[PDB]
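To keep things clear, I will list the structure first and then write my remarks on it.
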Amino acid sequence: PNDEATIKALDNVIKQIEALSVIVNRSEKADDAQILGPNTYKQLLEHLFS
Amino acid sequence: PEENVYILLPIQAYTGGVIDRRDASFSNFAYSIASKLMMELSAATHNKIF
């Protein structure tokens with residue numbers, strides 16, 4: 001049983017498992033609400049007499 | 001520091017090993033350190049006797 005094979009296999013496995021353990025999940029989603037800028041009422045025309 | 005006392009300070013030997021980001025386990029860090037260290041060490045005594 002040539003020894004040099006298993007050393008390479010073990011190194012590959014260790015590198016892979018260490019690469020899989022650094023990946024982290026961290027999202028930065030923003031909320032769905034709006035801003036609601038200012039507004040003013042609009043008055044409709046009418047008539048007046050007495 | 002004084003008479004009949006001698007201090008054996010510890011000095012870092014091998015500076016590899018990367019922390020586990022998943023933070024689930026502590027033994028995985030030690031396993032990584034040991035495996036990489038002995039992968040380096042076994043390359044110095046491939047077919048050699050002291």
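Residue numbering restarts at 1 in every chain; chains get A, B, ... in the order shown in the structure tokens, and ligands count up from 1 in that same order.
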Write out, as CSV, each residue of chain A that has an atom at most 9 Å from chain B, together with the closest pair of atoms and their distance in Å to one decimal, counting only C-alpha atoms, rows going by chain and rising number.
```
residue,atom,partner,partner_atom,distance
A:7,CA,B:39,CA,7.9
A:11,CA,B:39,CA,8.0
A:14,CA,B:32,CA,7.8
A:18,CA,B:32,CA,8.1
A:21,CA,B:20,CA,6.3
A:22,CA,B:21,CA,5.2
A:23,CA,B:21,CA,7.5
A:24,CA,B:21,CA,7.1
```
* To do: Would you mind writing down, as number ranges by chain, each residue of chain B that DSSP on the backbone assigns to helix (DSSP H, G or I)?
  => B: 27-42
* To do: Choose the residue, out of B:8, B:2, B:14, B:25, that has the smallest atom-to-atom separation from residue 37 in chain B; count only C-alpha atoms.
  =>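 Among the listed residues, B:14 lies closest to residue 37 in chain B.
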* What is the CA of residue 12 in chain A-CA of residue 40 in chain B distance in Å, reported with one decimal? ->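 Interatomic distance here is 14.3 Å.
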